[PDB]
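Here is what each chain is made of, one letter per residue.
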2 protein chains.
Amino acid sequence: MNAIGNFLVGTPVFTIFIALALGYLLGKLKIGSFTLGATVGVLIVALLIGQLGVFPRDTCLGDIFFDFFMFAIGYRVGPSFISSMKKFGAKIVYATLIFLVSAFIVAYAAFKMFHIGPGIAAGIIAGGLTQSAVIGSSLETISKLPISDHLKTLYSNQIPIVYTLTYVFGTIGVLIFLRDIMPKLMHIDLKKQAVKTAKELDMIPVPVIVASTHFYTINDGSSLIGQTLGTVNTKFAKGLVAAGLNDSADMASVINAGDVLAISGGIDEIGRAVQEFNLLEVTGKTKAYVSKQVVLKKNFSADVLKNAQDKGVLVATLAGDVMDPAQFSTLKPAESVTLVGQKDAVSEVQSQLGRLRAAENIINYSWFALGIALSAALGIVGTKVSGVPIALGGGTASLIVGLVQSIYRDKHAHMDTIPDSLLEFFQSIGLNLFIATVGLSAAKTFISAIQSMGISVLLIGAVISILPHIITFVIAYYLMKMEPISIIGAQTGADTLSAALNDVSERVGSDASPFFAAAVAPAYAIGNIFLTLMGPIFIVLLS
Amino acid sequence: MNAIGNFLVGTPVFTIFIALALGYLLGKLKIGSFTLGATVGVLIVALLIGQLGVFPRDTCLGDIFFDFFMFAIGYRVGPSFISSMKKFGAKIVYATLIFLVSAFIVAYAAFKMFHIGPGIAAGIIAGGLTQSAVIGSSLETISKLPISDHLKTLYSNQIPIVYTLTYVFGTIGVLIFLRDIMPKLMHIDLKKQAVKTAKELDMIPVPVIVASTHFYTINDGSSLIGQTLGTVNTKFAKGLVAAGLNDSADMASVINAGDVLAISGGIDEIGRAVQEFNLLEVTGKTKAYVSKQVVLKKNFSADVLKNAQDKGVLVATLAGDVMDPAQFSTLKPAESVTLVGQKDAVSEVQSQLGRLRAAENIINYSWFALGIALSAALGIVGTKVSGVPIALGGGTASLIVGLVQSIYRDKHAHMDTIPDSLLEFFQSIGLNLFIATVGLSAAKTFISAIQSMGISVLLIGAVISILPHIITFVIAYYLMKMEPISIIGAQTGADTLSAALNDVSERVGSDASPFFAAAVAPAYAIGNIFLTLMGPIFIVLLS
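Residues numbered from 1 in each chain as written, not as in the entry; some residues may be left out. Chains lettered and ligands numbered in written order. Heavy atoms only, no water.

- Regarding how it was determined, this PDB entry cites cryo-EM in its header, along with a resolution of 3.56 Å.

Shown next as structure tokens:
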């Protein structure tokens, strides 16, 4: 099997993209009502592939794709972050500070009970709590510690092996617990509860009757013949604007036989007018009638918005449904109205109302590249506390950069934005590629550590990974009376388990995935910082 | 400036994603009617950034993104490749074999005239003809050559520097020549000529009147009252099918007052029926009426397709427009019909006609990963000819894999496909990232080679890069009577200038970009192979 092993180690792209192809197929497997999922299928396939030969750890593609994934989450959760935090931010910050202290207490108790060594303790924590930087901080701390050189070398060798052994369960077992067992224990369905919580806020509006233009043709003998376009437009009720005879929007032309009288507005109102006047619909071939999206200026005038109907343009909300005239005064700057009608009339009221909103299909390459560059530059930033180095790291820096960038783009919508399909693809493939890389990097060491310290360390790692979640769940749900989706998001952020984000978001759906990411984000930063600090203090205490 | 240089070299992601952000902004600059373009803006910004400090060449991200770009082109050009090759494939293969021999003749003549050394000759060819593997093949050949060790070392040192000096002009000047000067010299507009050539084939159909369902409400006193749904459906002309009273598709129910009579078909025909019966349109809230896309089976029955109208389902082409019944017999297997109507009736005729077609919005992660893995595995393949190693390489292997994968998916459409927006994003960012990486890798050597062999080598490289294009253009347009877009594509493929693909495709537009890529692809492979072989023979001849 030396040929297969040599080929797989020689070509890294082939291995990481053949573990990402069979991994998804394995993830699509459904047993009963339980689906393995893409992340678990990739972490299972990558280990078996990595048993074939030795694979060095690749920090060149995996880290960049993880940065892309974190930026995708931060950009997708941008607009709703403030609204989510105003409702549930202090509860989440009080649940992130309970999981961490509970994990500290449980780990200390188990380590004291089972006389666990310092290196094994730091490896177990780094694996079960799914924090990789713990191994580096522990290496630095054990280097500083005044111990014998042989003991320091022994601990520094023990740390990576225990981390690799425990990390396998700390990604599958914890994810299964907080994704399948947890909703059942809380007597709720993940999808249903997330959708209901998102409906409690203004996230998922009902589908609205879009207001469009129909090119009706006037037949001879109609009562509309002999009357001006302005007269007919005034005679029409709200939600029915005459956009102009033929291709002209002038208000003084008379309706002679053989002319097209384009009518814009809602479907039911247009149908009532059609039944009233016995008009005949014709699929008119004209490119002079359009719907534009206008971002209101800082001092948008109410008079022009009110008189756009008189000018011949239908004003509607961004969704597409026509809005009541009384809503005109309630409108505020930075809100995006939609003007539907003739080109000449829509290009003037837009000129007096604000500026055109950029469509979602166009991709802002400069925006995306600047976001990635700033994410890297911010992840560089760090500082040392009590001789222990900490930093924002790729995850936190990318999350913050995505948040601020999406908030700025939402505030000023005249610039283009990265499409949601692209963001979803990056969110999916970025985390899965990182999981594949780490699984391929650590499979032989895992099977070797099955033989030595095989059972005790694995079981203690499972206990330290599972028990804090249980106690924090009991405290939050039975005493702190949270909502289930917030509990799950706060725990996922506190544990710093990025693998759970993709799976829980895909089970929730795109409707409340922004809510889940918003719940995760504040927990993620505090969990990252405290878990990074968790290793060195444990080493100092135990040894 | 040592702090800035150290930070830029230390963080590679920051540098390559800050040269990709300012690069696009510089590319958006428009002077007169000439736009620099994304690729030239990135190659200009990256050189200035690379002058700050020394940057090692990164073959880890750039090569993978180039593979992604080539796969994106190969997948986008998949379905139309055979149709394009049947019309213009031999002309393209006869223009790829003229550019290469012309370049050989011109390079040999210039090298003999100016007593050009072997290493400088191989570097000039590798730079002007934009083929990087030439430097490696030349290094191997000069290693084999029985020359003095000092002379061999001198040539091996000279090759990279001359390549770096000449490569700057061989990417900007040639692109400008074949993108701006060439259309003007051919008295055609690139966009207009490409659109006309694509219209000559069946690529861009005119927008078609989509056939949909309107939920009309029967009012009291209507002539439709007292008649069965089947009777009304039979009384309706072609293109007007009664999809069922209320939410039931049964053919025997009578039309009582207060019922919704959903009518499916074309807008103008529905409007004529509305004028005939004075029906009132209502935005009915029902999810039981849908349009599905059915891929016909190998033995699709004509009887069921003919009687779908009687059953209550409108059959239409994949575009959306209703089709004539006489077209039913002309339909063939693997063609995708569209069935519009009630859920119960559409889920049965589909069951007897074939299988549902997968929507474009869904992304096939397994398909994409398998494509990338097979591209890498095929790029591994190679062989040696006359002691000179050649291989398919990333470009050719990825192009072939994308072609065959897209053709297979088009043949069997029941499986999902990678979205076109994602393919476009990869095609854009993949090449630009590679350009940024190579420009950052070679800027100090470029400015240094400005001082030594600054003018003569640069001018000879420009001549060898430009003149073969001119003579092959004259031969093709004035004697071989080609079309302009085919000439441009064949030359771009023969020169193996992947940087021109993105810019010419973006100027052409998405309408005929598949035609341009199809014209490029066969030229690309032969150009790659012959340019790879071009170096060693020149070294052997000159020295």
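1. Remarks on the domain arrangement of chain A
(1) Moving on: You can read the domains of chain A as domain 1 (1-56), domain 2 (60-203 + 365-542) and domain 3 (212-356).
(2) Moving on: Put simply, the middle of domain 2 of chain A and the middle of domain 3 of chain A, counted by C-alpha atoms, are 52 Å apart. (Domains from an automatic or database assignment.)

2. Things to note about the side chain of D495(B)
All names here are of chain B.
(1) Moving on: With respect to the helices and strands, the residue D495 is situated in helix α22 (residues 484-495).
(2) Moving on: Buried charge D495 goes without a salt bridge, the closest partner of opposite sign being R179 at 14 Å.
(3) Moving on: Looking at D495, its side chain comes within polar contact range of the side chain of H469, at 3.2 Å.
(4) Moving on: Apart from residues no more than four positions distant in its own chain, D495 is found in contact with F99, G128, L129, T130, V174, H469 and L531. (Helix = DSSP H or I, 4+ residues; strand = E, 2+ residues; numbered from the N terminus. Buried < 20%, exposed > 50% of the residue type's maximum accessible area, 1.4 Å probe, protein only. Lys, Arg positive; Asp, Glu negative; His and termini not counted. Salt bridge = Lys/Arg side-chain N within 4 Å of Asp/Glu carboxyl O. Polar contact = N/O pair within 3.5 Å; in protein donor to acceptor, adjacent residues only side chain to side chain. Contact = heavy atoms within 4.5 Å.)

3. What to know about the sheet that holds strand β7 (residues 289-296) of chain A
All names here are of chain A.
(1) Moving on: With respect to topology, four strands assemble into an open sheet ordered β8-β9-β7-β10, the strand pairing being antiparallel. Bordering the open sheet on either side are β8 (313-316) and β10 (354-356), each of which pairs with just one other strand. Pairwise comparison of adjacent strand axes, ignoring direction, gives a mean angle of 35 degrees for this sheet.
(2) Moving on: The pairing of β8 with strand β9 (residues 336-342) spans four bridges and is classified as antiparallel. (Pairing = 2+ DSSP bridges. Axes fitted to C-alpha atoms, helices over the stretch in contact; angles between N-to-C directions.)

4. Quick notes on the packing of helix α5 (residues 62-76) of chain B against helix α18 (residues 393-411) of chain B
All names here are of chain B.
(1) Moving on: Closest axis-to-axis distance for the α5/α18 pair is 7 Å, and the angle between their directions is 35 degrees. Along this stretch, α5 crosses α18, giving a crossing that reads as right-handed. Where α5 abuts α18, its residues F66, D67, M70, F71, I73, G74 and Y75 lie against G395, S398, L399, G402, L403, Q405, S406 and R409.
(2) Moving on: Split into classes, the residues belonging to the contact of α5 with α18 amount to seven nonpolar, six polar and two charged. (Left-handed = near helix turned anticlockwise from the far one by under 90°. Nonpolar A, V, L, I, M, F, W, Y, C, P; charged D, E, K, R; others polar.)

5. Examining the nonpolar core
(1) Moving on: Judged by nonpolar contacts, the single largest core of 197 residues is most densely connected at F17(A), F368(A), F425(A), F17(B), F368(B) and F425(B).
(2) Moving on: Built from parts of two domains, this core gets at least three residues from each of domain 1 (1-56) and domain 2 (60-203 + 365-542) of chain A.
(3) Moving on: The contacts of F17(A), once residues within four sequence positions are left out, are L433(A), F68(B), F368(B), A369(B), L370(B), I372(B) and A373(B).
(4) Moving on: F236(A), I270(A), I218(B) and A242(B) belong to the second-largest nonpolar core, a separate cluster that totals 34 residues. (Core = buried A, V, L, I, M, F, W, Y, C linked by side-chain atoms within 4.5 Å.)

6. Some details on the environment of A242(B)
Residue and element names in this part refer to chain B.
(1) Moving on: Its place among the elements puts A242 in strand β4 (residues 240-245).
(2) Moving on: Overall, the relative accessible area of 0% leaves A242 in the buried class.
(3) Moving on: When the C-alpha atoms of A242 and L261 are compared, they prove to be 6.9 Å apart, with 19 residues separating the residues in sequence.

7. Description of the sheet that holds strand β5 (residues 260-265) of chain B
(1) Moving on: Strand order in the open sheet formed by four strands is β4-β5-β3-β6 (chain B), with antiparallel pairing between adjacent strands. On the outer flanks of this sheet lie β4 and β6 (280-281) of chain B, each paired with one strand and no other.

8. A closer look at the pairing of strand β5 (residues 260-265) of chain A
All names here are of chain A.
(1) Moving on: Where burial is concerned, most of β5 is hidden: five out of the six residues are buried.
(2) Moving on: Here strand β4 (residues 240-245) runs beside β5; their pairing, made up of five bridges, is antiparallel. Bridge pairing links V241 to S264 in β5.

9. Some words on a nonpolar patch on the surface
All names here are of chain A.
(1) Moving on: A contiguous nonpolar patch, built from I470, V474, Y478 and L479 and spanning about 390 Å² of accessible area, is present on the exposed surface.
(2) Moving on: Note that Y478 resides in helix α21 (residues 456-479).
(3) Moving on: Classification of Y478 as exposed rests on a relative accessible area of 53%. (Patch = residues over 30% accessible without salt bridge, like charges linked within 9 Å, V, L, I, M, F, W, Y side chains within 5 Å. Areas by Shrake-Rupley, 256 points an atom, 1.4 Å probe, with all protein chains shown as cover.)

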